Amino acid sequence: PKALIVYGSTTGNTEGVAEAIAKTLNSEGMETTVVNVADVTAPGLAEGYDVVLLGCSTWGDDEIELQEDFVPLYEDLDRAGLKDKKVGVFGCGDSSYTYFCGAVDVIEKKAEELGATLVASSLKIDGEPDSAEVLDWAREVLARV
């Protein structure tokens, strides 16, 4: 099977989680392409992948701001081919702020409204990722695809 990981990341945190997910998936025979969301467009993006993992950090002062590179994909996510596609959502944040990983909830709800199959409960990284939590999430995705 093939996986796509698309991430929005300002300081590299969510990018590092994407890369760590991909290293496991690739090691377990699921060919995985990791791309900055800034470099993709929505139409047909999920077609041809058996699973798509969406990563996005949360920013904004006293608000949920999606990491800015992700917003155009969120706006047009209805064109990506997610109906009955396996999806998982992840992202970095920090529980000292108001809406801890709120972008992850916003993106996961839209995926669900668009008919995606959510492979696992979302991965919400508080601060610096722990390799155990990232690895177990990658194993859920593998088990479900």
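A residue's number is simply how far along the shown sequence it sits, counting from 1.
**Q** Comparing 107-115 with 93-101, where is the mean C-alpha B-factor higher?
**A** Here the higher of the two C-alpha B-factor means belongs to 93-101.
**Q** Comparing 63-71 with 28-36, which has the greater mean CA B-factor as deposited?
**A** The stretch with the larger mean CA B-factor is 28-36.
**Q** Quick one: classify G44 as lowest, middle or highest third of the chain based on its Cα B-factor.
**A** As the PDB entry reports it, the C-alpha B-factor of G44 lands in the middle third of its chain.
**Q** Please say which third, lowest, middle or highest, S9 falls into when its CA temperature factor is compared across its chain.
**A** As the PDB entry reports it, the C-alpha B-factor of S9 lands in the lowest third of its chain.
**Q** Taking the C-alpha B-factors as the PDB entry records them, is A22 in the lowest, middle or highest third of its chain?
**A** It belongs to the middle third of the chain when residues are ordered by C-alpha B-factor.
**Q** Could you tell me which third, lowest, middle or highest, the C-alpha B-factor of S122 occupies within its chain?
**A** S122: CA B-factor falls in the lowest third of its chain.
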